[PDB]
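**Student:** Residue numbers (the entry's author numbering), protein chains in the order written: chain B, -1 to 119; chain A, 1 to 122; chain C, 70 to 86.
We put the beta carbon where it would ideally sit given N, CA and C, even for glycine.
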Amino acid sequence: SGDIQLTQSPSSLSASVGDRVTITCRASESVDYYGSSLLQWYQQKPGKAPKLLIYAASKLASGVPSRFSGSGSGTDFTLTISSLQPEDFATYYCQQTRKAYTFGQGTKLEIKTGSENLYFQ
Amino acid sequence: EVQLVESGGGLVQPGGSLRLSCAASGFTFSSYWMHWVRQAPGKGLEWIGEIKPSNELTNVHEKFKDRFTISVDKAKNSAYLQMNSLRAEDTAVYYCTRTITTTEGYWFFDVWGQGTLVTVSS
Amino acid sequence: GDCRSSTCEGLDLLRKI
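1. Please give me, in chain order, every unbroken run of the beta strand (DSSP E) with length at least 3 that falls completely inside the segment 36 to 120 of chain A.
2. Flag this pair as yes or no: are the beta carbons of residue 120 of chain B and B/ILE2 separated by less than 7 angstroms?
3. Counting only Cβ pairs nearer than 7 angstroms, list the residues of chain B close to C/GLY79.
4. If you check the beta carbons only, do B/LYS110 and B/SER14 fall under 7 angstroms apart?
5. Buried or exposed for B/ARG65, please, with buried defined as at least 16 other CB atoms from any protein chain shown within 10 angstroms of its CB.
6. Within 10 angstroms of its Cβ, does A/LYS52 collect 16 or more other Cβ (buried), or is it exposed?
7. Give the single residue among A/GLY49, A/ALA79, A/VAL93 whose Cα lies nearest to the Cα of A/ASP66.
8. Taking 7 angstroms as the threshold (C-beta atoms), are B/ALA59 and B/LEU37 in contact?
9. Quick one: list the residues of chain C neighbouring B/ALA98, beta-carbon separation under 9 angstroms, in chain order.
10. Which runs of the beta strand (DSSP E) spanning at least 3 residues fall entirely within the segment 9 to 39 of chain A, listed in chain order?
11. Would you list the one or two residues that DSSP bridges to B/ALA13?
12. For A/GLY105 and C/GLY79, I'd like the C-alpha separation in whole angstroms.
13. Leaving out five residues on either side along the sequence, give the residues of the same chain with a beta carbon under 8 angstroms from the beta carbon of A/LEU57.
14. Specify the secondary structure class of C/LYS85 as computed by DSSP and reduced to three states.
15. Chain B partners of C/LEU83, CB-CB under 9 angstroms?
16. For A/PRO14, is the classification buried or exposed, using 16 other Cβ atoms within 10 angstroms of its Cβ as the cut-off for buried?
17. Assuming contact is defined by CB atoms lying nearer than 7 angstroms, are A/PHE108 and B/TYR32 in contact in what I supplied?
18. Might you give, ordered along the chain, the residues of its own chain that have their beta carbon closer than 7 angstroms to the beta carbon of B/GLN94, omitting 5 neighbours on each side?
19. In three-state DSSP terms, what is B/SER71?
20. Apply the 10 Å Cβ neighbour rule to B/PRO44 and answer buried if 16 or more other Cβ atoms are within range, or exposed otherwise.
21. Taking all protein chains shown into account, decide if C/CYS77 is buried (16 or more other Cβ within 10 angstroms of its Cβ) or exposed.
In structure tokens:
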């Protein structure tokens, strides 16, 4: 398809409250236009509609906490969540508006409450 | 308050057809581009197409052009998605949403409906 | 000014500012 493809990394991740997490988004071609990067980040809570967090790669949507920050240009973008909060656990999508409308495959962010077991024998 | 409410979802046999509705409220419709976006269970988000109610200009993605049609009823402030010859790959949550433009010129989906599930059973 | 889509309109308005 002639669409601008968006590939997110990782596919899923877990972290604890207070941790800093990063989610990346790579575009198949530049999403830039006249010095702007037409890249949005959406947060989707289970069973709910996506909610805009970031637009134009780095601009915070109204009412969105400052702990969410967006960076990058051209074909490479990053969503950074400094100091995770319990309500931040959801599926995150990057989204581009340079050519029609496409979304990344999504990155599921889950809360880590306990440690991973040590499978030693 | 700006709101979008979808209805019409359900279980459909392959080759079947279905019409989804999107009732808009808290804004007059006509000015905005209205969109249909779907999300397959446990998967990503896929843009279907758009409609400008005022002039009924429509752009459906190439992938859906032959079976999916977008229409409006300006009297009912509603947008519709007519889905024909449904296949297993059409099983998804279907959302209607709108694009808005900021003072700086950036446009994006701001308000979405709650979604309606379409399941293509055997 | 031959747009016919939200993308065309969006790019046209953004470029003008």
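**Tutor:** In short:
1. 45 to 52, 57 to 60, 68 to 73, 78 to 83, 92 to 101, 107 to 112, 116 to 120
2. Because chain B here runs from -1 to 119, residue 120 of chain B falls outside it and cannot be looked at.
3. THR95
4. In contact: B/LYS110 and B/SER14 (Cβ atoms closer than 7 angstroms).
5. exposed
6. buried
7. Closest in C-alpha terms to A/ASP66, from the list A/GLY49, A/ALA79, A/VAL93, comes A/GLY49.
8. no
9. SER74, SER75, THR76
10. 18 to 25, 33 to 39
11. B/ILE109
12. 7 angstroms
13. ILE51
14. helix
15. By Cβ distance, chain B contributes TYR31, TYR32, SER34, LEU36.
16. Looking at its Cβ environment, which holds fewer than 16 other Cβ atoms inside 10 Å, A/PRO14 is exposed.
17. no
18. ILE2, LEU4, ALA25, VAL29, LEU36, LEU37, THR100
19. Strand at B/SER71.
20. exposed
21. exposed
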